[PDB]
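Just one chain follows, in the form deposited in one PDB entry, and it is written as structure tokens.
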């Protein structure tokens, strides 16, 4: 009753099977007949008939995507026997045609990233229960392909269809006779140079229209890009939008617009979000009649509208921006101006809800920072990637014109008002740098090439910063009072400040750490710390988490040196310590005993450790997680039960362990998750995993071990059959290296 090759899961009272990435050459017939969802994606399967899915009654969803990995053949009516089938995902299979004989039970069908140039009534019209249909990315860029032929009224007969995506195919015309049920319609990069009055008429319900990339703006495009003749603007009929009163989302990005007709929006009182990126809008941003027509708009994206070859002193914002009442986020990137003056943003200052200004990639040399104060609600000021100084490669499921991730890390933003100045030129913070700013809880100074010695006065004008990102500078920590003006500081990120730490001759002072009452998280990673001046110890009463990865503890804890022996002992509250990537061959016993006893989580992974003294765990009563992955360890104690009562998770993967000690797990009742994968194990003995008392072990990962498949391994199989409460993942990757005839086979199949 151990599921193979697939893994069985429990989700919303329905059990699902994950067969993905298992190197399968066909549809496994061992799939449990009770499964409602089946993921076959990323395998070698070359064929599908009506015999593949047999016996599966309740199956509602099948993922066949990315098959074969590195010419999928589907028969006519291969899916026909499946009555309960809802969602079918065929993406990236090199299908020359829409498969015929698809069931009429389909509510969702994704053919994305295939060779299909023909949308036919024969394959489509019969399925009337379709909600979502994904045809995108069949013909695009420099791919060898044909123009998409859409047979007349192929879509007319799906009267339930709420979503249609034809994006990234050669179309040249909006398809006629679209069902009035359409909610979202994606026409992006379809080569449609003209939008008529007739095109969208029947759609009274449209929530979203994507016309983007038709007559694109092609200068400096990171994809093969073909403009309309002379680089003309897309032609939109004055009345093209008259009948869309429900539109929430309009994507006009990269349509080469020099002009917005305000009457496009006349009939769109509720428009939420308008994507205007990659057009020529500098003229419209300055005048902009259409901005009077957008009272409910929450998100405006004007990014990359810059005039080629122009570096203007200031950005010209129309007073009519003040008419955008509901505006939440304003995105202006790639406008390209020299200087931000307080009076240039005047139209934005009265807007009640505007929480976000995105000025990224403007090459801005200077900003009058007092201007953000005069706004009302700003929670996010994103200045990243400017010149501010002191004083298939494309994911088909992603937005094509910008990244969709948060501008600021959620963990920083959740503290309060956020100012992101990262990837700029502020190499020295003077006395007046932060004056007349709002009360900033979240500050990103990352990547400023800052070489200064922070003296304790630099942040006085913004004392309430909780989260400070100083990463990727060259900071010189020469002052014990550094940063201590921020008394409320919770998270401090010092990563990638290695510049001065690497020099033995200059002085290094980390003592300021102890001066914070509320400091919770400190990241010291990749600083190359091997030496400190006069004070060898880190000390904090508050600190919870310390990331020390990417430093040299191999030097600090060198056998001939007593000085750093207590380096972490003074962090009295510490529950999480990351020692990874320290080049550690061995940790001196006394050094390990000096780690804080409060630790619940300890990462020693990705070092060179040949040696671990397990006895020392006796001094860490709270330790739930020990991560030893990526070391050289050849040996396991047999005594672990007397070393720890607390250890829940033990990660040993990618080590040299050749053997599992008799009664390895005897009496260790704490241990839930043991990862033995990617080791030297030849086999596992009877007495190895046997215990008389209770055990909560729920997961054991053996994959990547060179098991000897002779009868010696029989007992382990018998252990596996006896305990099914212990989950063993990727059974297909648990593989017999010997005997010669068993090579490549899974250890779960044997005489």
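Positions refer to the first chain, counted from 1. Shifts are known only where both forms have a C-alpha. Definition used throughout: the rigid core is the maximal C-alpha set that superposes within 1.5 Å between two forms.
Below, we refer to the form deposited with a small molecule bound, which is not included among the displayed structures.
Across the options 655-663, 558-566, 401-409, 673-681, residues that bring heavy atoms within 4.5 Å of the small molecule in the deposited complex belong to 401-409.
Every residue in the set 272, 301 and 331 has a non-hydrogen atom no more than 4.5 Å from the small molecule in the deposited complex. Residue contact with the small molecule in the deposited complex: residue 358 places a heavy atom within 4.5 Å of it. Taking non-hydrogen atoms only, residue 249 approaches the small molecule to within 4.5 angstroms in the deposited complex.
Under a 4.5 angstroms non-hydrogen atom cutoff, the small molecule in the deposited complex lacks residue 199 among its neighbouring residues. Although the partner is absent from this view, residue 627 stays clear of the small molecule in the deposited complex, with no non-hydrogen atom inside 4.5 angstroms.
Residue shifts between the shown form and the other one, rigid core superposed: of 485, 237, 667, 554, the only C-alpha displaced by 2 Å or more belongs to 667. Listed in sequence order, the runs of at least 3 residues with C-alpha movement of 2 Å or more between the shown form and the other one, after fitting the core, amount to a single one: 665-667.
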